Amino acid sequence: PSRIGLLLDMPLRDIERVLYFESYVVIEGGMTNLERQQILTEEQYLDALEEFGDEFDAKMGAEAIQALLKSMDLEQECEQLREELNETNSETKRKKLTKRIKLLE
DNA sequence: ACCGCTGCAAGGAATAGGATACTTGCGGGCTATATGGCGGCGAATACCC
């Protein structure tokens with residue numbers, strides 16, 4: 001498994017695309033339609049910034065990954081994930097959240 | 001005390017011979033598209049509920 005992939009909890013395909021400069025990823029993406037870490041195609045990024053030339057940041061590549069990682073709190077995420085793992089559901093999400101919590105702790 | 005003369009250079013036709021500009025191949029010096037191997041296993045999709 002890829003430690004980045006499941007620490008940040010993003011499918012490895014999308015990090016593969018981002019880290020070789022063929023897409024865009026939002027960093028904070030607040031005060032707008034976008035979420036924390038949506039992926040964008042080049043044209044999608046151009047269109048989004050056109051309609052939303054406000055301050056939402058969407059970077060491209062290693063710098064974006066670094067900012068996204070450095071912009072996270074570990075133990076708080078651990079609390080949220082253990083609360084969610086409390087139940088709903090112990091079928092495969094049980095295994096997934098146990099692994100992610102193991103890495104985070 | 002004036003002049004036509006001789007004579008002494010300047011520019012044409014025929015030969016030998018070195019200097020010297022020109023040409024060339026190199027030697028080292030440098031930079032920058034496969035197609036007869038399986039087996040196990042675990043993660044990542046697919047699927048049809």
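Numerical summary
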read-out: Spatially proximal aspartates and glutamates relative to A:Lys95 (Cα-Cα < 13 Å; intrachain offsets below 8 disregarded); value: A:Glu84, A:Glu87
read-out: Partner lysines for A:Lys93 [C-alpha distance under 27 Å; skip if fewer than 8 residues away on the same chain]; value: A:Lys70, A:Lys102
read-out: Kirkwood hydrodynamic radius of the range A:1-45, from inverse mean 1/r over distinct Cα pairs, in Å; value: 11.2
read-out: Relative contact order for chain A, counting Cα pairs under 8 Å that sit 6 or more residues apart, in percent; value: 25
read-out: Derived scalar couplings ³J(HN,Hα) [the range A:18-27; Karplus, 6.51 cos²θ - 1.76 cosθ + 1.60; whole Hz; x for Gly, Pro]; value: 5, 6, 10, 6, 9, 6, 9, 9, 6, 9
read-out: Whole-percent pair-distance distribution, where bins are 5 Å wide, for the alpha carbons of chain A; value: 2, 12, 20, 19, 17, 14, 10, 5, 1
read-out: Neighbour-count ranking [beta-carbon atoms within 10 angstrom, fewest first] of A:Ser90, A:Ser23; value: A:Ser90, A:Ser23
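Values quoted throughout were computed directly from the atomic coordinates according to the rules given, and no laboratory measurement underlies them. Methodologically, a virtual Cβ is constructed for each residue, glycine included, from the backbone with ideal geometry; neighbour enumeration extends over all protein chains shown.
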